[PDB]
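Asks: Supplied in structure tokens, the structure appears directly below.
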Amino acid sequence: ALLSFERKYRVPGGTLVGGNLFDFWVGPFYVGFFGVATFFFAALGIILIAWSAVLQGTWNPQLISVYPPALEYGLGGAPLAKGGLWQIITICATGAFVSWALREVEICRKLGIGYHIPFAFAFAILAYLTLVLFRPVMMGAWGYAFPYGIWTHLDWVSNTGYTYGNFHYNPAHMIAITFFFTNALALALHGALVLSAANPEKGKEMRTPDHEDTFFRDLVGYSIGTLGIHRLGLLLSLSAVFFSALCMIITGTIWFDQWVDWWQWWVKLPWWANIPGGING
Amino acid sequence: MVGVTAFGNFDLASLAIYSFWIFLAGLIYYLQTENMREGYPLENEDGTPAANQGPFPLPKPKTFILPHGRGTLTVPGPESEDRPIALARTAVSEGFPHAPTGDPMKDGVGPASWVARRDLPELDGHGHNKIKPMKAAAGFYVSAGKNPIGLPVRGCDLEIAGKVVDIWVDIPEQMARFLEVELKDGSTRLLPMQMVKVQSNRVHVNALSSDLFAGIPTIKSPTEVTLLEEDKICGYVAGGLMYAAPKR
Amino acid sequence: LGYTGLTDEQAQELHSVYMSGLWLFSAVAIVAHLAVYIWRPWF
Amino acid sequence: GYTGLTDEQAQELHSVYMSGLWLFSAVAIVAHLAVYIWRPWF
Amino acid sequence: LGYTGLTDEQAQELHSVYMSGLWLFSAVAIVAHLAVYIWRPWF
Amino acid sequence: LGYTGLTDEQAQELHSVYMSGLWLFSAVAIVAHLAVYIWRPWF
Amino acid sequence: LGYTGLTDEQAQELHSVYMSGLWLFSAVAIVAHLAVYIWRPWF
Amino acid sequence: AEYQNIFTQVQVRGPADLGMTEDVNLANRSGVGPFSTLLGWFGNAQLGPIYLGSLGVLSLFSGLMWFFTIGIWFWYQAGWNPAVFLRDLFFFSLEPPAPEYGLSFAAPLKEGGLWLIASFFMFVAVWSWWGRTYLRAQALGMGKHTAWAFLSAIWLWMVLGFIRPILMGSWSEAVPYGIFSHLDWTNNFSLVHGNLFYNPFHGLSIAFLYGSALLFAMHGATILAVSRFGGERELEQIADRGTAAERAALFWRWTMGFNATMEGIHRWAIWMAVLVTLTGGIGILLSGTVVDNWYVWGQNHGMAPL
Amino acid sequence: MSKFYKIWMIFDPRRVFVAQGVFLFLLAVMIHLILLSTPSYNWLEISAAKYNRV
Amino acid sequence: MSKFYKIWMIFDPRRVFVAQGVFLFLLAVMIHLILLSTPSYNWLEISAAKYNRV
Amino acid sequence: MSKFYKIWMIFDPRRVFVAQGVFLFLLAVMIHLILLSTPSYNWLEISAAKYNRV
Amino acid sequence: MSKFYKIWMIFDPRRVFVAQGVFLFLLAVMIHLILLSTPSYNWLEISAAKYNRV
Amino acid sequence: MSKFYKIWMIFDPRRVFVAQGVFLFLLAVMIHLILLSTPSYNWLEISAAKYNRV
Amino acid sequence: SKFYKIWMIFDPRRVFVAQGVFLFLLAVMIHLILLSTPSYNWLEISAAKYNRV
Amino acid sequence: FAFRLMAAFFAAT
Ligand code: BCL
Ligand SMILES: CC[C@H]1c2cc3[nH]c4c(c3C)C(=O)[C@H](C(=O)OC)c4c3nc(cc4[nH]c(cc(n2)[C@@H]1C)c(C(C)=O)c4C)[C@@H](C)[C@@H]3CCC(=O)OC/C=C(\C)CCC[C@H](C)CCC[C@H](C)CCCC(C)C
Ligand SMILES: COC(C)(C)C/C=C/C(C)=C/C=C/C(C)=C/C=C/C(C)=C/C=C/C=C(C)/C=C/C=C(\C)CC/C=C(\C)CCC=C(C)C
Ligand SMILES: COC(C)(C)C/C=C/C(C)=C/C=C/C(C)=C/C=C/C(C)=C/C=C/C=C(C)/C=C/C=C(\C)CC/C=C(\C)CCC=C(C)C
Ligand SMILES: COC(C)(C)C/C=C/C(C)=C/C=C/C(C)=C/C=C/C(C)=C/C=C/C=C(C)/C=C/C=C(\C)CC/C=C(\C)CCC=C(C)C
Ligand SMILES: COC(C)(C)C/C=C/C(C)=C/C=C/C(C)=C/C=C/C(C)=C/C=C/C=C(C)/C=C/C=C(\C)CC/C=C(\C)CCC=C(C)C
Ligand SMILES: COC(C)(C)C/C=C/C(C)=C/C=C/C(C)=C/C=C/C(C)=C/C=C\C=C(C)\C=C\C=C(/C)CC/C=C(\C)CCC=C(C)C
Ligand SMILES: CCCCCCCCCCCCO[C@@H]1O[C@H](CO)[C@@H](O[C@H]2O[C@H](CO)[C@@H](O)[C@H](O)[C@H]2O)[C@H](O)[C@H]1O
Ligand SMILES: [Fe+3]
């Protein structure tokens, strides 16, 4: 029921709202006020998705889809069978994510640690809201937001990207991809380095962080450090998501053309705009 | 172009995806079991083994060999909190908070909790003390930022609690670890760098009030700190966030 | 005044030699401008 | 000085740097004259 | 002085052998350029 | 001089066989170029 | 005496066996090249 | 108003750290480079020393040849015009030979041969760097986890440039060397094989790339939140569990219902990261060689309405 | 060609041998692949045409 | 005029020498490339015209 | 007017020299590029037109 | 070349030998690939055309 | 001319030699490639056209 | 007056660097705008006057 | 750097 060290930490306090009414644990989970909120929102959303599966006439989990209302419904409600179930699932998911972050804040306060984790999750929630709320609001239709299906929100990504040509040419998209790839690379390097220090070759003494720094200075001539690597991982992930949200917020609202054409401003700079040869000239 | 299916729609892509589902199930099992080398077996709130231990069995023990003759650690092994936890349960049934019996910050429970670590200093790859005062740290100096030597230290109650007299440094990582603060009583305390807010004119400590820097645990040797001592100091300072709230 | 640890005399001689260099650079540039303007004036 | 080099060291360094520079510029002007008689750009 | 931790005698010998190698390289370069020019002039 | 910490006799006994290997390699390369030029000249 | 700390006798015996292996491999390579040239020449 | 531990507020510098000389030839190791205060605001300020062995110099020179070959081709495409070179820098491309040459090496330099040369250089550089990571781990006596994690990415790279072109029977299938060029190649690869979104292994690879972002955010945030207890010194927390490890474990235990240890979270990390490229290489290998229309395959396997 | 053993006075035989083995196998595979790629020397194709297996 | 040597008391000789070598080689290549890109000064094309090599 | 030397006290002379040199070279390159851009002052095209080299 | 023995006084012999091997191998492969690229010198293609192969 | 030996007093011989080798090889490769790209000096194509090899 | 008090708050160095960047950007922009207008491109005007193009 | 962070060259130098 508890870890071998857990008991000395399960003290009252740290609650944002309430204090005794919802200050306890169910199994391993801490149940706050936001715990109750999150559980209700999640259960309502999941069973609504099951209901929409019943309405759609398919019991394939991969084929289940909850489309938003068509474009002619604007920013208004829709019949449950047509577009309203998506809106209820959307408000449920938004509430679930926000209450999950708040429950994390309560857990942080009880444990006496920093609030970095809910902050990063807030970045993720903001990207989600950009995709479901902010961008469709600026484009005046819930139909622009993605459907809630496993293989049908991919169709949303495909259609939305191809509306603007090759979506690779969105510059903020390029930056966000660079951050994502760099973050995966850094995660692999960090896991590998820690495991290699903690698991030396064969019956060898466990390595110190000096060995980690020496390994990476030998390899690439720099070592960001034990604290620096965790700072870097957090910042890479958050910057990736930030530039993802930035790239989507400007698409369809500030930019409407093919994204490749955006690069013409570099090739048309007057000093070299009309020099023959190369590719564009 | 392959694409012949052996049955139904089962081509090489189907074989690969089902093979990956099997591999992923095995890998998730492996990862979860490898992450059960600490904190298990599960215990009741009275410390006895619980009836429910979970779907995943405990892994085979493995032994780490410590780098400076410091010993050998086998996990999972026997687990016992080698300290008198000062808490009493507020409910007969499980899953409820345990209230402190006395001063939680003093007793070291909740956000003020510390762990009975080894009472030896952390040793770098050369076997020397990893964390040592800047005075004993040869050739070590502040390179950037405001050098906080002689800055007044303000608590969460907004009153001066002492003056910084030294910076304790991690030698190989070459980063600041602790500020040594001399209080109004002439005695010294250590404060983690992560819990101080160096500013233009003062070092601010939001965690502690002015009438709490005396309660910070001390170090037996004034030129070194052991894992247990820094665990106690950091636990105390962090617990100040919850337990010094009444003051501010 | 500080910010570098320099002095009056060191800064003054540094500036004097720097200004001599600036004067020489300007002389060469003006000679070039004069030659270009004679070759093909822009005014 | 910032580098800490004394007066004589700076003297020797500058006198050999200029010694190299003059040779470089003389070869440069020889090349420029060769090109100009080959194909003037004025 | 002595950023490379070398002596004037050692530096002189090193420079002599390096210049010998450089002159041999330049000589072979001259021969190759002459052969190319008589094969195909580029002016 | 003395960057690698070796003796001039060792330098001799090393550089001599280095030149031996270089000349062997160059001789085989020259034979190959001669055979290729006879088979199908590139000039 | 050397970076690897090998005695001249051990170096000599190692060189002998290594060169023997090289000659064996080269002999099989020559046999194969001759056979494939006979079957389908590239010249 | 509180210190978030994102940037160090006081930098400290001592004597240059030469590192641990377990089995490292100290001759190959260079001298310690400069100290960067700009880098010191975020991590370590020290640059170097860097080890340069046989594989190091082999990989460095081979990669220099690859980079220089691509750059000289780009200069040729610019007509040796520096203005054109800067204007069209992202538009230049060293393209693989046209499909009619198949896997043959008898393609002209302007039409694929130079791509083969640069590809050989890149192949040598990457494999020598892999061996270099393995040997640097071995010299310090550490485990080889970095080498195998690198091998996963090497496998995706090899599938993209070497293995799938051979299976598909032509070098034209491989990726051109160019900034916008390889983006065009990626988009065209998706279009030709019918919406690579419906490749299951592309989907899993994206699951694991998203999961790597999620997990590194979680782990970095967790370690920063317990850095006030010396939590970033993870090896000592593995060897002697402090209150940082317990508080991190209990945070995720009370949030998710399960947690990791200071050592096993890095197993989660390394596997989440390597599965990206492992699954991606499997998917790219399947595309074209087994399935040429992933949307139709999807429809036949659920995943899409008929 | 006789005073070549002194390489082993400076080169570790283990590293030399693994490098030689990897180099030889890679060179052999590269040349075999080059021959297979060229339709002239694709011996499977040569056999298929010679013995009329298509 | 004859007192410029004090510049060497400001900058490390190695740094200025490497920086100026890089700058000079880059400038030389830049100018040679500008000449090659202009068809009126591409000495290779000019010789091809003057010797009817195309 | 004669007291300008004291700016060397406030500013770091090394960084001032480096940044000033970079600015001067960029400015000169920019001006030469303006002159190359204009057909009226592109001295290469001017010489080619004068000597009928195209 | 009776004064060129001094390189081994400043350069470790192992580094020089490995650098030489790497350089020669890469250069040889580059030149062979260039020749295979040029149809005038692709010896496999030349022999294919000479002997009425495919 | 002769007082240039002092550069070896101010620069590390080993790093200078490595940089020199890299620079010279890159320059040689770049020039050979430029000549190859220009049809007037592509000696392989020139020999092919001269000997009717295509 | 009493304007020298402005140096008692802002760092002189960053003020001077920002002022230099601002002045250079403004001068470049003004000259470029003059070029953009065909009636003030002094190179074009001189070409028209001396019958250069 | 965040204190002077309220283009980028002003904080850069
Ligand atoms: C229109 C485009 C298509 C598409 C076409 C493709 C194609 C084609 C591919 C992917 C691949 C991937 N796609 Mg996709 N993809 C699409 C849409 C997406 C979307 C999205 C939200 O829309 C996302 C998140 C992704 C994400 C992904 C990744 C999960 C995966 C890349 C893994 C990787 O890290 O490779 C990057 C890592 C490597 C390539 C390996 C690098 C290792 C080597 C050794 C690096 C050496 C460095 C080199 C020597 C230079 C050295 C530099 C100096 C030393 C500094 N795709 C759409 C549908 N996608 C790849 C994949 O895995 O397929 C399943 C792939 O091939
Ligand atoms: C910002 C950096 C990255 C990040 C960070 C991050 N994510 C986080 C956290 C952090 C720091 C947490 O602390 C939190 C957590 O608890 O992790 C275990 C979390 C988390 N990130 C998660 C997932 C997740 N993160 C993603 C992305 C990212 N997370 C970023 C890339 C993605 C992507 C890219 O797809 C996913 C799927 C969860 C595991 C967890 C948050 C759990 C949560 O919010 O719990 C409450 C809600 C539920 C239990 C479910 C509610 C269900 C709804 C009611 C119905 C369904 C609605 C939904 C819209 C349907 C979707 C349909 C199709 C689109 C599939
Ligand atoms: C696009 O523009 C193009 C490319 C078309 C045209 C541009 C061309 C340009 C910019 C060309 C630039 C050319 C330059 C600058 C060439 C410079 C070449 C030099 C400096 C070559 C020097 C070579 C030196 C050599 C080969 C010396 C070798 C010496 C040795 C091997 C001696 C060995 C040294 C020893 C033994 C020292 C040991 C001594 C002791 C005491 C231990
Ligand atoms: C794109 O441009 C193309 C490629 C078309 C044309 C460009 C071509 C270029 C740039 C070519 C450049 C060519 C160069 C620079 C060639 C230089 C070649 C040299 C210097 C080769 C040296 C070879 C030395 C060899 C092969 C030595 C071999 C030695 C042995 C096999 C045994 C040696 C063992 C010894 C000496 C034992 C010594 C050890 C002790 C302890 C005494
Ligand atoms: C695309 O370009 C193409 C491929 C068309 C053309 C390019 C061609 C090129 C660049 C070809 C390069 C060819 C080269 C450099 C070939 C070199 C081959 C060599 C040197 C092979 C050497 C083989 C040596 C062998 C097989 C030796 C084996 C030795 C043994 C089996 C004996 C073992 C002895 C031991 C372990 C010594 C132990 C003794 C003691 C005392 C401990
Ligand atoms: C499209 O229409 C447009 C936009 C073009 C029309 C709009 C025009 C606008 C908005 C123009 C705005 C113009 C502004 C705001 C101009 C402001 C100009 C300023 C502030 C000029 C100030 C210059 C100051 C100078 C040149 C001072 C130089 C001082 C020295 C060189 C002495 C150096 C001494 C120093 C730096 C410190 C002294 C300390 C010691 C110890 C010596
Ligand atoms: C001023 O500029 C200079 C000239 C000084 C330098 C500038 C250089 C420049 C502009 C470099 C630009 C480089 C770029 C744009 C590089 C882009 C590279 C990219 C995006 C690569 C992307 C993917 C590459 C892949 C997937 C490569 C895969 C290759 C392999 C898996 C190995 C291939 C090996 C093969 C095909 C067989 C080779 C073997 C033989 C025998 C030919
Ligand atoms: C999730 C991991 C566990 C998977 C199950 C454990 C066994 C692992 C190997 C299973 C391989 C066979 O898996 C089985 O293959 C057949 C091949 O047509 C699939 O196909 C079958 O159902 C599908 C969907 O209704 C039909 O379109 C198809 O015509 C029919 O043949 C099955 O849907 C799948 O379940
Ligand atoms: Fe970590």
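Residue numbering restarts at 1 for every chain of the structure tokens, chains are lettered A, B, ... in their displayed order, and ligands are numbered from 1 as they appear.
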Compile the contact shell of residue 305 (chain H) as a tab-separated table (two decimals) with C-alpha atoms, in the first residue's frame: residues with an atom at most 12 Å away, counting only C-alpha atoms, same-chain residues fewer than 2 positions apart removed.
Replies:
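As a result, selection_24.tsv now contains:
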```
chain	number	residue	atom	x	y	z
A	56	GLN	CA	-21.19	5.96	-35.15
A	57	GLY	CA	-21.96	2.27	-35.53
A	58	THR	CA	-18.44	0.88	-35.13
A	60	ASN	CA	-13.30	-0.72	-33.76
A	62	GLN	CA	-9.06	2.61	-34.21
A	63	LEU	CA	-12.11	3.61	-36.26
A	64	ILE	CA	-13.85	5.55	-33.47
A	65	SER	CA	-13.89	9.25	-34.27
A	151	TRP	CA	-6.32	7.64	-37.15
A	152	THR	CA	-8.58	10.60	-37.94
H	295	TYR	CA	-3.64	4.19	-46.73
H	296	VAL	CA	-4.93	1.10	-48.52
H	297	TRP	CA	-3.01	-1.08	-46.07
H	298	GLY	CA	-4.63	0.89	-43.28
H	299	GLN	CA	-8.10	0.35	-44.72
H	300	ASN	CA	-7.41	-3.37	-44.99
H	301	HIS	CA	-6.20	-3.40	-41.38
H	302	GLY	CA	-8.87	-1.36	-39.64
H	303	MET	CA	-7.40	2.06	-39.06
```
Asks: If DSSP is run on the backbone, what residues of region 54-224 of chain B are strand (DSSP E or B)? A reply as a ChimeraX atom specification would be ideal.
Replies: /B:62-65,72-75,87-89,98-100,121,123,129,131-133,141-144,152-154,160-170,175-183,188-192,197-198,203-204
Asks: Please superimpose chain I on chain L using every C-alpha atom, paired by order, in a least-squares fit, and write the moved chain as a PDB file with C-alpha atoms, in the first residue's frame.
Replies:
```pdb
ATOM      1  CA  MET I   1      65.972  15.733 -47.888  1.00  0.00           C
ATOM      2  CA  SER I   2      68.215  14.115 -45.236  1.00  0.00           C
ATOM      3  CA  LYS I   3      67.384  16.163 -42.136  1.00  0.00           C
ATOM      4  CA  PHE I   4      63.718  15.158 -42.201  1.00  0.00           C
ATOM      5  CA  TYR I   5      63.823  12.619 -39.344  1.00  0.00           C
ATOM      6  CA  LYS I   6      63.426  15.466 -36.853  1.00  0.00           C
ATOM      7  CA  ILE I   7      59.666  15.363 -37.493  1.00  0.00           C
ATOM      8  CA  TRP I   8      59.609  12.290 -35.274  1.00  0.00           C
ATOM      9  CA  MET I   9      61.275  14.483 -32.664  1.00  0.00           C
ATOM     10  CA  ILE I  10      57.982  16.418 -32.572  1.00  0.00           C
ATOM     11  CA  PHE I  11      55.276  14.131 -34.040  1.00  0.00           C
ATOM     12  CA  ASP I  12      53.915  11.060 -32.286  1.00  0.00           C
ATOM     13  CA  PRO I  13      54.332   8.173 -34.764  1.00  0.00           C
ATOM     14  CA  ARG I  14      50.987   6.607 -33.827  1.00  0.00           C
ATOM     15  CA  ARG I  15      48.890   9.644 -34.747  1.00  0.00           C
ATOM     16  CA  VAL I  16      50.963  10.189 -37.886  1.00  0.00           C
ATOM     17  CA  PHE I  17      50.494   6.601 -39.015  1.00  0.00           C
ATOM     18  CA  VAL I  18      46.742   6.457 -38.462  1.00  0.00           C
ATOM     19  CA  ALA I  19      46.321   9.806 -40.222  1.00  0.00           C
ATOM     20  CA  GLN I  20      48.426   8.588 -43.148  1.00  0.00           C
ATOM     21  CA  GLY I  21      46.492   5.339 -43.461  1.00  0.00           C
ATOM     22  CA  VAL I  22      43.096   7.035 -43.388  1.00  0.00           C
ATOM     23  CA  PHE I  23      44.246   9.718 -45.831  1.00  0.00           C
ATOM     24  CA  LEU I  24      45.650   7.158 -48.261  1.00  0.00           C
ATOM     25  CA  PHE I  25      42.569   4.945 -48.232  1.00  0.00           C
ATOM     26  CA  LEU I  26      40.220   7.905 -48.631  1.00  0.00           C
ATOM     27  CA  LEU I  27      42.260   9.354 -51.500  1.00  0.00           C
ATOM     28  CA  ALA I  28      42.404   5.969 -53.224  1.00  0.00           C
ATOM     29  CA  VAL I  29      38.655   5.412 -52.895  1.00  0.00           C
ATOM     30  CA  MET I  30      37.974   8.957 -54.099  1.00  0.00           C
ATOM     31  CA  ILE I  31      40.083   8.525 -57.238  1.00  0.00           C
ATOM     32  CA  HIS I  32      38.667   5.072 -57.972  1.00  0.00           C
ATOM     33  CA  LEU I  33      35.155   6.512 -57.616  1.00  0.00           C
ATOM     34  CA  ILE I  34      35.966   9.440 -59.902  1.00  0.00           C
ATOM     35  CA  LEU I  35      37.193   7.033 -62.569  1.00  0.00           C
ATOM     36  CA  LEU I  36      34.129   4.811 -62.142  1.00  0.00           C
ATOM     37  CA  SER I  37      31.792   7.806 -62.435  1.00  0.00           C
ATOM     38  CA  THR I  38      33.293   8.977 -65.727  1.00  0.00           C
ATOM     39  CA  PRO I  39      31.956   6.663 -68.470  1.00  0.00           C
ATOM     40  CA  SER I  40      35.303   6.818 -70.275  1.00  0.00           C
ATOM     41  CA  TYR I  41      37.158   4.921 -67.528  1.00  0.00           C
ATOM     42  CA  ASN I  42      34.365   2.739 -66.144  1.00  0.00           C
ATOM     43  CA  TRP I  43      36.339  -0.449 -66.736  1.00  0.00           C
ATOM     44  CA  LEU I  44      33.277  -2.641 -66.225  1.00  0.00           C
ATOM     45  CA  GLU I  45      31.551  -0.727 -69.033  1.00  0.00           C
ATOM     46  CA  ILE I  46      34.730  -0.833 -71.137  1.00  0.00           C
ATOM     47  CA  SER I  47      34.889  -4.610 -70.731  1.00  0.00           C
ATOM     48  CA  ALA I  48      31.166  -5.008 -71.418  1.00  0.00           C
ATOM     49  CA  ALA I  49      31.444  -3.056 -74.666  1.00  0.00           C
ATOM     50  CA  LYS I  50      34.753  -4.610 -75.741  1.00  0.00           C
ATOM     51  CA  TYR I  51      33.564  -8.188 -75.183  1.00  0.00           C
ATOM     52  CA  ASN I  52      29.950  -7.519 -76.258  1.00  0.00           C
ATOM     53  CA  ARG I  53      28.301  -8.593 -73.013  1.00  0.00           C
ATOM     54  CA  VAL I  54      25.211  -6.428 -73.557  1.00  0.00           C
TER      55      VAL I  54
END
```
Asks: Considering only C-alpha atoms, give me a table of residues in chain O that are at most 10 Å from chain N, with the closest atom pair and distance in Å for each, as a tab-separated table.
Replies:
```
residue	atom	partner	partner_atom	distance
O:4	CA	N:14	CA	9.9
O:7	CA	N:18	CA	9.1
O:9	CA	N:18	CA	7.5
O:10	CA	N:18	CA	5.4
O:11	CA	N:14	CA	7.8
O:12	CA	N:14	CA	9.1
O:13	CA	N:14	CA	6.5
```
Asks: Produce a file of the selected residues containing C-alpha atoms, as a CSV table (one decimal), in the first residue's frame.
Replies:
```csv
chain,number,residue,atom,x,y,z
O,4,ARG,CA,17.8,43.8,-19.2
O,7,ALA,CA,16.4,44.1,-30.4
O,9,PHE,CA,21.6,43.1,-29.4
O,10,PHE,CA,21.0,45.5,-26.5
O,11,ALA,CA,21.2,42.7,-24.0
O,12,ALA,CA,23.8,40.9,-26.1
O,13,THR,CA,26.4,43.6,-25.8
```
Asks: Calculate how many Å separate CA of residue 14 (chain E) from atom 35 (C, counted along the ligand's line) of ligand 3, rounding to one decimal.
Replies: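 Separation of CA of residue 14 (chain E) and atom 35 (C, counted along the ligand's line) of ligand 3: 5.6 Å.
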Asks: Neighbours of ligand 8 within 7 Å, counting only C-alpha atoms and all ligand atoms, as a PyMOL selection string?
Replies: (chain B and resi 7-10+15+18+21-22) or (chain H and resi 300-302)
Asks: What residues in chain C lie within 12 Å of chain D, counting only C-alpha atoms, written as a list in words?
Replies: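 That gives the following set of residues: residues 4, 5, 6, 7, 10, 11, 13, 14, 36, 39 and 40 of chain C.
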